[PDB]
>>> print(open('start39.txt').read())   # compact mmCIF, N, CA and C atoms
# COMPACT_ATOMS: atom_id res chain seq x y z
N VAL A 1 0.85 -1.22 0.00
CA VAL A 1 0.00 0.00 0.00
C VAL A 1 0.88 1.26 0.00
N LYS A 2 0.48 2.26 -0.73
CA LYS A 2 1.30 3.51 -0.78
C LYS A 2 0.38 4.74 -0.75
N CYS A 3 0.95 5.91 -0.63
CA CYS A 3 0.12 7.15 -0.61
C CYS A 3 0.73 8.21 -1.52
N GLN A 4 0.37 8.23 -2.77
CA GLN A 4 0.94 9.25 -3.69
C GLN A 4 0.42 10.63 -3.27
N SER A 5 0.95 11.68 -3.85
CA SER A 5 0.46 13.04 -3.47
C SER A 5 -1.07 13.02 -3.37
N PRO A 6 -1.57 13.75 -2.42
CA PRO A 6 -3.04 13.80 -2.18
C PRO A 6 -3.78 14.52 -3.31
N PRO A 7 -5.05 14.23 -3.41
CA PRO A 7 -5.91 14.85 -4.44
C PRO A 7 -6.26 16.28 -4.02
N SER A 8 -6.90 17.02 -4.88
CA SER A 8 -7.27 18.42 -4.52
C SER A 8 -8.39 18.42 -3.48
N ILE A 9 -8.77 19.58 -3.01
CA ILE A 9 -9.86 19.64 -1.98
C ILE A 9 -10.71 20.88 -2.15
N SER A 10 -11.54 21.13 -1.19
CA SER A 10 -12.43 22.31 -1.25
C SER A 10 -11.71 23.52 -1.83
N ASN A 11 -11.80 23.72 -3.12
CA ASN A 11 -11.11 24.89 -3.74
C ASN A 11 -9.71 25.08 -3.16
N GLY A 12 -9.12 24.02 -2.67
CA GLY A 12 -7.75 24.15 -2.09
C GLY A 12 -6.80 23.17 -2.78
N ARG A 13 -5.52 23.41 -2.69
CA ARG A 13 -4.54 22.49 -3.34
C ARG A 13 -3.80 21.68 -2.29
N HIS A 14 -2.77 21.01 -2.71
CA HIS A 14 -1.97 20.19 -1.77
C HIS A 14 -0.52 20.11 -2.25
N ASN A 15 0.41 20.58 -1.47
CA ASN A 15 1.83 20.53 -1.90
C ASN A 15 2.76 20.52 -0.69
N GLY A 16 3.24 19.36 -0.31
CA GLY A 16 4.15 19.28 0.86
C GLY A 16 5.60 19.34 0.37
N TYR A 17 6.04 18.33 -0.33
CA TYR A 17 7.44 18.33 -0.84
C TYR A 17 7.82 16.93 -1.34
N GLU A 18 6.90 16.22 -1.94
CA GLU A 18 7.22 14.86 -2.44
C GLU A 18 6.08 14.30 -3.29
N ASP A 19 6.22 13.10 -3.77
CA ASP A 19 5.15 12.50 -4.61
C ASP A 19 4.55 11.27 -3.90
N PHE A 20 5.35 10.56 -3.16
CA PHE A 20 4.84 9.36 -2.44
C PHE A 20 4.81 9.62 -0.93
N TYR A 21 3.78 9.18 -0.26
CA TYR A 21 3.69 9.41 1.21
C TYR A 21 3.44 8.09 1.95
N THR A 22 3.20 7.04 1.22
CA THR A 22 2.95 5.71 1.85
C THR A 22 1.97 5.81 3.03
N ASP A 23 2.46 5.88 4.23
CA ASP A 23 1.54 5.95 5.40
C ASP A 23 2.17 6.75 6.54
N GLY A 24 1.37 7.22 7.46
CA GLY A 24 1.92 8.02 8.58
C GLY A 24 2.42 9.35 8.03
N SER A 25 2.01 9.69 6.84
CA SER A 25 2.46 10.97 6.22
C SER A 25 1.41 12.05 6.42
N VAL A 26 1.70 13.23 5.99
CA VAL A 26 0.71 14.33 6.14
C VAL A 26 0.90 15.36 5.04
N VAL A 27 -0.13 16.10 4.74
CA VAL A 27 0.00 17.12 3.66
C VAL A 27 -0.75 18.39 3.98
N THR A 28 -0.07 19.49 4.02
CA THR A 28 -0.78 20.75 4.28
C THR A 28 -1.54 21.12 3.01
N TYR A 29 -2.82 20.92 2.99
CA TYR A 29 -3.59 21.24 1.76
C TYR A 29 -3.60 22.75 1.52
N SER A 30 -3.10 23.19 0.40
CA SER A 30 -3.08 24.65 0.12
C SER A 30 -4.51 25.15 -0.12
N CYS A 31 -4.74 26.42 0.05
CA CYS A 31 -6.12 26.96 -0.17
C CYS A 31 -6.07 28.15 -1.13
N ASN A 32 -7.16 28.43 -1.79
CA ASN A 32 -7.18 29.57 -2.75
C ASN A 32 -6.82 30.88 -2.03
N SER A 33 -6.12 31.76 -2.69
CA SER A 33 -5.74 33.05 -2.04
C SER A 33 -6.97 33.72 -1.43
N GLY A 34 -7.02 33.80 -0.13
CA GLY A 34 -8.19 34.45 0.53
C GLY A 34 -9.07 33.39 1.19
N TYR A 35 -8.62 32.16 1.22
CA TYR A 35 -9.43 31.08 1.85
C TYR A 35 -8.71 30.55 3.10
N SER A 36 -9.44 30.30 4.16
CA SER A 36 -8.79 29.78 5.40
C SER A 36 -8.72 28.26 5.37
N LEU A 37 -7.64 27.70 5.85
CA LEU A 37 -7.52 26.22 5.88
C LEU A 37 -8.04 25.70 7.21
N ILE A 38 -9.24 25.18 7.24
CA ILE A 38 -9.79 24.66 8.52
C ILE A 38 -9.45 23.18 8.65
N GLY A 39 -9.13 22.74 9.83
CA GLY A 39 -8.78 21.31 10.03
C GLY A 39 -7.32 21.21 10.46
N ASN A 40 -6.77 20.03 10.50
CA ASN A 40 -5.35 19.88 10.92
C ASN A 40 -4.43 20.51 9.86
N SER A 41 -3.35 21.11 10.28
CA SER A 41 -2.42 21.74 9.30
C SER A 41 -1.65 20.65 8.55
N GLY A 42 -2.35 19.74 7.94
CA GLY A 42 -1.66 18.64 7.20
C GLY A 42 -2.57 17.41 7.14
N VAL A 43 -2.82 16.90 5.97
CA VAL A 43 -3.68 15.69 5.87
C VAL A 43 -2.94 14.54 6.56
N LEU A 44 -3.50 13.36 6.57
CA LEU A 44 -2.78 12.23 7.22
C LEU A 44 -3.00 10.94 6.43
N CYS A 45 -2.08 10.59 5.57
CA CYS A 45 -2.24 9.33 4.81
C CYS A 45 -1.74 8.16 5.66
N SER A 46 -2.64 7.38 6.17
CA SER A 46 -2.22 6.23 7.02
C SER A 46 -2.90 4.94 6.55
N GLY A 47 -2.21 4.12 5.82
CA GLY A 47 -2.82 2.85 5.33
C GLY A 47 -3.22 3.00 3.86
N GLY A 48 -2.61 3.92 3.17
CA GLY A 48 -2.95 4.12 1.73
C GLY A 48 -4.32 4.79 1.61
N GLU A 49 -4.69 5.57 2.59
CA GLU A 49 -6.02 6.25 2.53
C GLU A 49 -5.95 7.61 3.23
N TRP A 50 -5.64 8.65 2.50
CA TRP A 50 -5.57 10.00 3.14
C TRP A 50 -6.79 10.22 4.03
N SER A 51 -6.60 10.78 5.19
CA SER A 51 -7.77 11.01 6.09
C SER A 51 -7.63 12.35 6.83
N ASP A 52 -8.73 12.87 7.31
CA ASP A 52 -8.71 14.16 8.06
C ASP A 52 -8.22 15.30 7.16
N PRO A 53 -9.02 15.60 6.18
CA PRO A 53 -8.71 16.69 5.23
C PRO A 53 -9.30 18.01 5.73
N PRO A 54 -8.48 19.02 5.75
CA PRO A 54 -8.92 20.36 6.21
C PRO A 54 -9.74 21.04 5.11
N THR A 55 -10.28 22.20 5.38
CA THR A 55 -11.10 22.90 4.34
C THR A 55 -10.51 24.26 3.99
N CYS A 56 -10.66 24.65 2.76
CA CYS A 56 -10.16 25.99 2.34
C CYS A 56 -11.35 26.88 2.05
N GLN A 57 -11.91 27.43 3.09
CA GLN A 57 -13.10 28.28 2.93
C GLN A 57 -12.78 29.73 3.32
N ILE A 58 -13.76 30.45 3.77
CA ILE A 58 -13.52 31.86 4.19
C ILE A 58 -13.82 32.00 5.68
N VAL A 59 -12.93 32.57 6.43
CA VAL A 59 -13.18 32.70 7.90
C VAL A 59 -13.17 34.14 8.33
N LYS A 60 -13.87 34.97 7.64
CA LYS A 60 -13.90 36.39 8.06
C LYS A 60 -14.54 36.49 9.43
N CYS A 61 -14.86 37.66 9.86
CA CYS A 61 -15.47 37.79 11.22
C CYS A 61 -16.48 38.93 11.30
N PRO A 62 -17.25 38.87 12.35
CA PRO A 62 -18.26 39.90 12.63
C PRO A 62 -17.62 40.99 13.48
N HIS A 63 -17.19 40.62 14.66
CA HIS A 63 -16.55 41.57 15.60
C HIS A 63 -16.61 40.99 17.01
N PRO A 64 -15.48 40.90 17.63
CA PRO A 64 -15.44 40.35 19.00
C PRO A 64 -15.95 41.40 19.98
N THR A 65 -17.22 41.69 19.93
CA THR A 65 -17.79 42.71 20.85
C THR A 65 -18.21 42.05 22.16
N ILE A 66 -18.79 42.80 23.06
CA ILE A 66 -19.22 42.20 24.35
C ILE A 66 -19.86 43.26 25.25
N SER A 67 -20.57 42.84 26.25
CA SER A 67 -21.23 43.81 27.17
C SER A 67 -20.19 44.54 28.01
N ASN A 68 -19.93 45.78 27.70
CA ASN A 68 -18.93 46.57 28.48
C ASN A 68 -17.73 45.69 28.85
N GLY A 69 -17.24 44.90 27.94
CA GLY A 69 -16.07 44.04 28.25
C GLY A 69 -15.25 43.80 26.98
N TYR A 70 -15.26 44.74 26.08
CA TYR A 70 -14.51 44.60 24.80
C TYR A 70 -13.11 44.05 25.01
N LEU A 71 -12.36 44.03 23.96
CA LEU A 71 -10.97 43.53 24.03
C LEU A 71 -9.97 44.67 23.82
N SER A 72 -8.74 44.48 24.18
CA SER A 72 -7.74 45.57 24.01
C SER A 72 -6.37 44.98 23.66
N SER A 73 -6.34 43.81 23.09
CA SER A 73 -5.04 43.18 22.74
C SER A 73 -4.81 43.20 21.23
N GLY A 74 -5.42 42.29 20.51
CA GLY A 74 -5.23 42.26 19.04
C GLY A 74 -6.59 42.32 18.33
N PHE A 75 -7.17 43.48 18.29
CA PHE A 75 -8.50 43.63 17.61
C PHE A 75 -8.31 44.28 16.24
N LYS A 76 -9.29 44.17 15.38
CA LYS A 76 -9.17 44.78 14.02
C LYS A 76 -10.54 44.88 13.36
N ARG A 77 -10.70 45.79 12.43
CA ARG A 77 -12.02 45.93 11.75
C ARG A 77 -12.48 44.57 11.23
N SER A 78 -11.56 43.70 10.92
CA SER A 78 -11.94 42.35 10.40
C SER A 78 -10.95 41.30 10.91
N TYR A 79 -11.36 40.06 10.96
CA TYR A 79 -10.45 38.99 11.44
C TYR A 79 -10.47 37.80 10.45
N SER A 80 -10.09 36.63 10.89
CA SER A 80 -10.09 35.46 9.96
C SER A 80 -10.36 34.14 10.72
N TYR A 81 -9.48 33.18 10.63
CA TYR A 81 -9.70 31.88 11.35
C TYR A 81 -8.94 31.88 12.69
N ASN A 82 -8.52 33.03 13.15
CA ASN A 82 -7.79 33.09 14.45
C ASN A 82 -7.85 34.51 15.02
N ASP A 83 -6.79 35.28 14.90
CA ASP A 83 -6.82 36.66 15.47
C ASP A 83 -7.42 36.61 16.87
N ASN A 84 -6.67 36.14 17.83
CA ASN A 84 -7.20 36.04 19.21
C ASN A 84 -7.39 37.43 19.83
N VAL A 85 -8.54 37.68 20.40
CA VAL A 85 -8.78 39.01 21.03
C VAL A 85 -8.98 38.86 22.54
N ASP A 86 -8.15 39.49 23.32
CA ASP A 86 -8.30 39.39 24.81
C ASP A 86 -9.39 40.37 25.25
N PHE A 87 -10.32 39.93 26.04
CA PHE A 87 -11.41 40.85 26.46
C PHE A 87 -11.07 41.58 27.76
N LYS A 88 -11.21 42.87 27.73
CA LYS A 88 -10.91 43.71 28.92
C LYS A 88 -12.21 44.20 29.56
N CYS A 89 -12.72 43.51 30.54
CA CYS A 89 -13.98 43.96 31.18
C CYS A 89 -13.92 45.47 31.43
N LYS A 90 -14.95 46.19 31.06
CA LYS A 90 -14.94 47.67 31.27
C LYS A 90 -14.34 48.01 32.64
N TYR A 91 -15.12 47.89 33.68
CA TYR A 91 -14.60 48.21 35.04
C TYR A 91 -15.50 47.59 36.11
N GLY A 92 -14.92 47.03 37.14
CA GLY A 92 -15.75 46.40 38.22
C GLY A 92 -16.75 45.43 37.59
N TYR A 93 -16.27 44.49 36.83
CA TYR A 93 -17.19 43.51 36.19
C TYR A 93 -16.42 42.23 35.83
N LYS A 94 -17.08 41.11 35.80
CA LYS A 94 -16.38 39.84 35.45
C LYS A 94 -16.80 39.38 34.05
N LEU A 95 -15.85 39.02 33.23
CA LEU A 95 -16.21 38.57 31.85
C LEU A 95 -16.85 37.18 31.90
N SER A 96 -18.15 37.13 31.98
CA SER A 96 -18.83 35.80 32.02
C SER A 96 -18.71 35.12 30.66
N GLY A 97 -17.80 34.20 30.52
CA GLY A 97 -17.63 33.51 29.21
C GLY A 97 -16.15 33.23 28.95
N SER A 98 -15.47 34.14 28.31
CA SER A 98 -14.02 33.93 28.02
C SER A 98 -13.31 35.27 27.81
N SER A 99 -12.37 35.59 28.66
CA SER A 99 -11.64 36.89 28.52
C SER A 99 -10.65 36.82 27.35
N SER A 100 -10.59 35.72 26.66
CA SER A 100 -9.65 35.61 25.51
C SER A 100 -10.26 34.73 24.42
N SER A 101 -10.69 35.33 23.34
CA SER A 101 -11.31 34.53 22.25
C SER A 101 -10.55 34.72 20.94
N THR A 102 -10.90 33.96 19.95
CA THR A 102 -10.21 34.09 18.64
C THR A 102 -11.20 33.89 17.50
N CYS A 103 -11.09 34.70 16.48
CA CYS A 103 -12.02 34.56 15.33
C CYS A 103 -11.78 33.23 14.63
N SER A 104 -12.59 32.25 14.91
CA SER A 104 -12.40 30.93 14.26
C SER A 104 -12.97 30.94 12.84
N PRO A 105 -12.75 29.85 12.16
CA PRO A 105 -13.23 29.71 10.77
C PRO A 105 -14.74 29.51 10.74
N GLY A 106 -15.43 30.34 10.00
CA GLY A 106 -16.90 30.22 9.92
C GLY A 106 -17.54 31.58 10.23
N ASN A 107 -16.73 32.57 10.55
CA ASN A 107 -17.25 33.94 10.86
C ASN A 107 -17.83 33.99 12.28
N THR A 108 -17.01 34.27 13.25
CA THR A 108 -17.53 34.34 14.65
C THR A 108 -16.41 34.62 15.65
N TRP A 109 -16.66 34.35 16.90
CA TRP A 109 -15.64 34.60 17.95
C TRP A 109 -15.68 33.49 19.00
N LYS A 110 -14.85 32.49 18.85
CA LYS A 110 -14.84 31.37 19.83
C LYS A 110 -13.64 31.49 20.78
N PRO A 111 -13.84 31.16 22.03
CA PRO A 111 -15.16 30.70 22.52
C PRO A 111 -16.16 31.87 22.58
N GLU A 112 -17.40 31.58 22.85
CA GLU A 112 -18.43 32.65 22.91
C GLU A 112 -17.87 33.90 23.61
N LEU A 113 -17.99 35.04 22.97
CA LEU A 113 -17.49 36.30 23.59
C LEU A 113 -17.83 36.33 25.08
N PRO A 114 -16.94 36.91 25.82
CA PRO A 114 -17.12 37.02 27.29
C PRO A 114 -18.22 38.03 27.63
N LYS A 115 -18.65 38.05 28.86
CA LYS A 115 -19.72 39.02 29.26
C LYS A 115 -19.30 39.79 30.51
N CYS A 116 -18.98 41.05 30.37
CA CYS A 116 -18.57 41.84 31.57
C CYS A 116 -19.76 41.95 32.52
N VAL A 117 -19.83 41.07 33.47
CA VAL A 117 -20.97 41.10 34.44
C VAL A 117 -20.50 41.55 35.80
N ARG A 118 -21.38 41.52 36.75
CA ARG A 118 -20.99 41.94 38.11
C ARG A 118 -21.36 40.86 39.13
>>> encode(input="start39.txt", output="structure tokens")
Amino acid sequence: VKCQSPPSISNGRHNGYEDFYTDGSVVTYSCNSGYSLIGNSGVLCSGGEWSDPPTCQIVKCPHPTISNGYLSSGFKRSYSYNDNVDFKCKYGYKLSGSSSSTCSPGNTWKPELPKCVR
């Protein structure tokens, strides 16, 4: 059994640095310019059957907002499949949820934006 270079994927490509991978190998599937690679940073050919293929989609974001508990670390008008934003509770309040989130793939802010409560 062998594992030749992997096939294409969700509008994404595949190019590690070889043609045969046999087994226990992996391949970082490339994605179209402007597409986020969701999944493991590398496919996994184990047993002549590539498995666990990531996706090359779009991971823009809405905005890591929150109840008087915005963030003040790495925020931006737009994000992608990461861009972690630390939430800074306004004042005298506890961030109910997560004081540190990241724009994951799919357009959002995981974990659920924190909530500056009292």
>>> residues_around(input="start39.txt", residues="residue 62 of chain A", least_positions_apart="4", cutoff="8 Å", atoms="only C-alpha atoms", output="number ranges by chain")
A: 78-79, 107-109
>>> select_by_dssp(input="start39.txt", residues="segment 15-106 of chain A", states="strand (DSSP E)", output="PDB file with N, CA and C atoms, in the frame of the given file")
ATOM      1  N   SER A  36      -9.440  30.300   4.160  1.00  0.00           N
ATOM      2  CA  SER A  36      -8.790  29.780   5.400  1.00  0.00           C
ATOM      3  C   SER A  36      -8.720  28.260   5.370  1.00  0.00           C
ATOM      4  N   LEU A  37      -7.640  27.700   5.850  1.00  0.00           N
ATOM      5  CA  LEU A  37      -7.520  26.220   5.880  1.00  0.00           C
ATOM      6  C   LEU A  37      -8.040  25.700   7.210  1.00  0.00           C
ATOM      7  N   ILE A  38      -9.240  25.180   7.240  1.00  0.00           N
ATOM      8  CA  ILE A  38      -9.790  24.660   8.520  1.00  0.00           C
ATOM      9  C   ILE A  38      -9.450  23.180   8.650  1.00  0.00           C
ATOM     10  N   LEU A  44      -3.500  13.360   6.570  1.00  0.00           N
ATOM     11  CA  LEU A  44      -2.780  12.230   7.220  1.00  0.00           C
ATOM     12  C   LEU A  44      -3.000  10.940   6.430  1.00  0.00           C
ATOM     13  N   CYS A  45      -2.080  10.590   5.570  1.00  0.00           N
ATOM     14  CA  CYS A  45      -2.240   9.330   4.810  1.00  0.00           C
ATOM     15  C   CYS A  45      -1.740   8.160   5.660  1.00  0.00           C
ATOM     16  N   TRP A  50      -5.640   8.650   2.500  1.00  0.00           N
ATOM     17  CA  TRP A  50      -5.570  10.000   3.140  1.00  0.00           C
ATOM     18  C   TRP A  50      -6.790  10.220   4.030  1.00  0.00           C
ATOM     19  N   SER A  51      -6.600  10.780   5.190  1.00  0.00           N
ATOM     20  CA  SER A  51      -7.770  11.010   6.090  1.00  0.00           C
ATOM     21  C   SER A  51      -7.630  12.350   6.830  1.00  0.00           C
ATOM     22  N   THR A  55     -10.280  22.200   5.380  1.00  0.00           N
ATOM     23  CA  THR A  55     -11.100  22.900   4.340  1.00  0.00           C
ATOM     24  C   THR A  55     -10.510  24.260   3.990  1.00  0.00           C
ATOM     25  N   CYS A  56     -10.660  24.650   2.760  1.00  0.00           N
ATOM     26  CA  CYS A  56     -10.160  25.990   2.340  1.00  0.00           C
ATOM     27  C   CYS A  56     -11.350  26.880   2.050  1.00  0.00           C
ATOM     28  N   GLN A  57     -11.910  27.430   3.090  1.00  0.00           N
ATOM     29  CA  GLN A  57     -13.100  28.280   2.930  1.00  0.00           C
ATOM     30  C   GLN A  57     -12.780  29.730   3.320  1.00  0.00           C
ATOM     31  N   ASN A  84      -6.670  36.140  17.830  1.00  0.00           N
ATOM     32  CA  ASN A  84      -7.200  36.040  19.210  1.00  0.00           C
ATOM     33  C   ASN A  84      -7.390  37.430  19.830  1.00  0.00           C
ATOM     34  N   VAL A  85      -8.540  37.680  20.400  1.00  0.00           N
ATOM     35  CA  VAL A  85      -8.780  39.010  21.030  1.00  0.00           C
ATOM     36  C   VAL A  85      -8.980  38.860  22.540  1.00  0.00           C
ATOM     37  N   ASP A  86      -8.150  39.490  23.320  1.00  0.00           N
ATOM     38  CA  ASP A  86      -8.300  39.390  24.810  1.00  0.00           C
ATOM     39  C   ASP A  86      -9.390  40.370  25.250  1.00  0.00           C
ATOM     40  N   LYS A  94     -17.080  41.110  35.800  1.00  0.00           N
ATOM     41  CA  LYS A  94     -16.380  39.840  35.450  1.00  0.00           C
ATOM     42  C   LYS A  94     -16.800  39.380  34.050  1.00  0.00           C
ATOM     43  N   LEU A  95     -15.850  39.020  33.230  1.00  0.00           N
ATOM     44  CA  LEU A  95     -16.210  38.570  31.850  1.00  0.00           C
ATOM     45  C   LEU A  95     -16.850  37.180  31.900  1.00  0.00           C
ATOM     46  N   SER A 100     -10.590  35.720  26.660  1.00  0.00           N
ATOM     47  CA  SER A 100      -9.650  35.610  25.510  1.00  0.00           C
ATOM     48  C   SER A 100     -10.260  34.730  24.420  1.00  0.00           C
ATOM     49  N   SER A 101     -10.690  35.330  23.340  1.00  0.00           N
ATOM     50  CA  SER A 101     -11.310  34.530  22.250  1.00  0.00           C
ATOM     51  C   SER A 101     -10.550  34.720  20.940  1.00  0.00           C
ATOM     52  N   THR A 102     -10.900  33.960  19.950  1.00  0.00           N
ATOM     53  CA  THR A 102     -10.210  34.090  18.640  1.00  0.00           C
ATOM     54  C   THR A 102     -11.200  33.890  17.500  1.00  0.00           C
TER      55      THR A 102
END
>>> residues_around(input="start39.txt", residues="segment 69-74 of chain A", least_positions_apart="6", cutoff="6 Å", atoms="only N, CA and C atoms", output="ChimeraX atom specification")
/A:83-90,115-116
>>> atom_distance(input="start39.txt", atom1="atom CA of residue 118 of chain A", atom2="atom N of residue 65 of chain A")
18.6 Å
>>> closest_residue(input="start39.txt", among="A:9, A:35, A:117, A:4", to="residue 92 of chain A", atoms="only C-alpha atoms")
A:117
>>> atom_distance(input="start39.txt", atom1="atom CA of residue 23 of chain A", atom2="atom CA of residue 105 of chain A")
28.5 Å
>>> residues_around(input="start39.txt", residues="segment 24-30 of chain A", least_positions_apart="4", cutoff="6 Å", atoms="only C-alpha atoms", output="MDAnalysis selection string")
chainID A and resid 12:14 16 41:46
>>> closest_residue(input="start39.txt", among="A:55, A:68, A:5, A:36", to="residue 104 of chain A", atoms="only C-alpha atoms")
A:36
>>> closest_residue(input="start39.txt", among="A:99, A:57, A:82, A:11", to="residue 38 of chain A", atoms="only N, CA and C atoms")
A:57
>>> closest_residue(input="start39.txt", among="A:3, A:95, A:80, A:61", to="residue 47 of chain A", atoms="only N, CA and C atoms")
A:3
>>> atom_distance(input="start39.txt", atom1="atom CA of residue 48 of chain A", atom2="atom CA of residue 33 of chain A")
29.3 Å
>>> axis_aligned_box(input="start39.txt", around="segment 99-105 of chain A", padding_each_side="6 Å", output="AutoDock Vina command-line options")
--center_x -12.2 --center_y 33.2 --center_z 19.7 --size_x 17.1 --size_y 19.4 --size_z 29.9
>>> closest_residue(input="start39.txt", among="A:2, A:17, A:7, A:53", to="residue 39 of chain A", atoms="all atoms listed in the file")
A:53
>>> build_atoms(input="start39.txt", residues="segment 20-31 of chain A", atoms="N, CA, C and O atoms", output="tab-separated table (two decimals), in the coordinates of the input")
chain	number	residue	atom	x	y	z
A	20	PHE	N	5.35	10.56	-3.16
A	20	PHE	CA	4.84	9.36	-2.44
A	20	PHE	C	4.81	9.62	-0.93
A	20	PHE	O	5.70	10.23	-0.38
A	21	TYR	N	3.78	9.18	-0.26
A	21	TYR	CA	3.69	9.41	1.21
A	21	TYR	C	3.44	8.09	1.95
A	21	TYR	O	3.47	8.03	3.16
A	22	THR	N	3.20	7.04	1.22
A	22	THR	CA	2.95	5.71	1.85
A	22	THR	C	1.97	5.81	3.03
A	22	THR	O	0.77	5.78	2.84
A	23	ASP	N	2.46	5.88	4.23
A	23	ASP	CA	1.54	5.95	5.40
A	23	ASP	C	2.17	6.75	6.54
A	23	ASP	O	3.37	6.96	6.58
A	24	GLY	N	1.37	7.22	7.46
A	24	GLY	CA	1.92	8.02	8.58
A	24	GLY	C	2.42	9.35	8.03
A	24	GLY	O	3.17	10.06	8.67
A	25	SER	N	2.01	9.69	6.84
A	25	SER	CA	2.46	10.97	6.22
A	25	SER	C	1.41	12.05	6.42
A	25	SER	O	0.34	11.80	6.95
A	26	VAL	N	1.70	13.23	5.99
A	26	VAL	CA	0.71	14.33	6.14
A	26	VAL	C	0.90	15.36	5.04
A	26	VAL	O	1.96	15.49	4.46
A	27	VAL	N	-0.13	16.10	4.74
A	27	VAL	CA	0.00	17.12	3.66
A	27	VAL	C	-0.75	18.39	3.98
A	27	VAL	O	-1.96	18.38	4.16
A	28	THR	N	-0.07	19.49	4.02
A	28	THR	CA	-0.78	20.75	4.28
A	28	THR	C	-1.54	21.12	3.01
A	28	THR	O	-0.95	21.56	2.04
A	29	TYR	N	-2.82	20.92	2.99
A	29	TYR	CA	-3.59	21.24	1.76
A	29	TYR	C	-3.60	22.75	1.52
A	29	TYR	O	-4.07	23.51	2.35
A	30	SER	N	-3.10	23.19	0.40
A	30	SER	CA	-3.08	24.65	0.12
A	30	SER	C	-4.51	25.15	-0.12
A	30	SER	O	-5.39	24.39	-0.46
A	31	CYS	N	-4.74	26.42	0.05
A	31	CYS	CA	-6.12	26.96	-0.17
A	31	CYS	C	-6.07	28.15	-1.13
A	31	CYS	O	-5.05	28.80	-1.29
